[PDB]
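Read through the structure below, which is laid out as structure tokens, and then see the notes.
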């Protein structure tokens, strides 16, 4: 009888706030450049697609 | 007469082919359309791989 765990009883809530903002928001994390050489933060997004476009 | 001029246009078109290659890039980070003359683009569903 050394280490007694505890618990807390509380409702676990998957509520539904305003969704159509939250859906659009991980689009603006990815930009798209109209340039030949890019700016070393799109350039590791642009490489990550090249990989898994060559397996599907 | 003809063969020195038919090679001269082949010298003249080759003199224009390199000078257009200097037109495409003014810098390493230059342009996404000026590099779209030598390296090609096409219509829908050309590049298989």
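Some points to look at:
- Cα gyration tensor category, rounded, prolate or oblate, for the protein assembly as shown with a/c compared to 1.5: prolate
- Ranked by the mean number of other Cβ atoms within 10 Å of their residues, highest first, the peptides B:5-11, A:20-26 come out as B:5-11, A:20-26.
- Number of partner chain Cβ atoms within 10 Å, mean per residue of B:27-36: 3
- With kT/(6 pi eta Rh) evaluated at 25 °C and eta = 0.890 mPa s, and Rh the Kirkwood radius from Cα pairs, chain A diffuses with a coefficient of 149 µm²/s according to Stokes-Einstein.
- Using alpha-carbon coordinates, inclination of helix B:3-19 to the longest axis of chain B, degrees: 30 degrees
- Translational diffusion of chain B, estimated by Stokes-Einstein from the Kirkwood radius over alpha carbon pairs at 37 °C in a medium of 0.692 mPa s, is 243 µm² per second.
- Two-site label geometry, residue A:46 and residue A:4: point separation in nm, points 7 Å out along Cα→Cβ: 6.3 nm
- Tilt relative to chain A, helix A:43-53 - C-alpha long axis, 0 to 90 degrees, to 10: 90 degrees
- In the protein assembly as shown, the calculated helix contribution to ellipticity at 222 nm averages -9500 deg cm²/dmol per residue, counting -39,500 (n - 2.57) for every DSSP H run with n ≥ 4.
Each value in this text was obtained by applying a stated rule to the coordinates, not by laboratory testing. Please note: Cβ atoms are built from the backbone with ideal geometry, for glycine as well, and neighbour counts cover all protein chains shown.
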